[PDB]
């Protein structure tokens, strides 16, 4: 729904809406046109790991991807997230395919968020961690094509019985409870997220990618957000 901060792992270069001429990681602030990007040395058929950080004192949103016994790529962006996001949010995972496709499979997801004030008597803390997923994950809001398979992996996008990915799917999984990330008299807010993903593709140059995103609590797949908009934005402004 209308408000969106996101870390995007973007397999398919969509040049005319600002994407660099290669797979990339980027930080998206209220738009699909990453405020910052870094080359993403994608490795199809391998398990990748994403770490994401933010601290409201530092005011830096950071992300890393690496694969097992391989190099890593990092992207950063200076952003005060309380001038962007509501004080209460939902956190989620998003993925799409277009004409070109890919599995957008998630193996694990963890998230930690803290909110501190003056008195230690005034604060909150939230943590969740999933290694594989229930067949009816009742603490997840599954949106669009998102489903958990017979292996207990979370499939954000359509995959056939065969084990093979479909074109034109959107999926999203959001954690059930809203997260309190700012408040009038907050001194420090911070969050950390990790996920692991498996992207497989027959295709030359797969599509479209995965995000971790933070949104207003009532968020939903906006109509017309398929493909290159990754399930997040209604247009490409």
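Positions refer to the first chain, counted from 1.
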Worksheet item: Averaged over C-alpha atoms, is the B-factor higher for 210 to 218 or for 13 to 21 in this PDB entry?
Response: 13 to 21
Discussion item. Please compare 89 to 97 with 162 to 170 and say which has the higher mean C-alpha temperature factor in the record.
Written reply: 162 to 170
Fill in: Options 201, 53, 56, 194 - largest CA temperature factor per the record
201
Worksheet entry | Chain thirds of CA B-factor: placement of residue 42 | highest
Response to the item:
Temperature factor at the Cα of residue 180, chain-ranked in thirds, falls in the lowest
Discussion item. Could you place residue 118 in the lowest, middle or highest third of its chain by Cα temperature factor, using the values in the record?
Written reply: highest
Worksheet, complete the sentence: By the entry's values, the third containing the CA B factor of residue 73 is the highest
Worksheet, complete the sentence: Of the three thirds of Cα B-factor ranks in this chain, residue 125 occupies the lowest
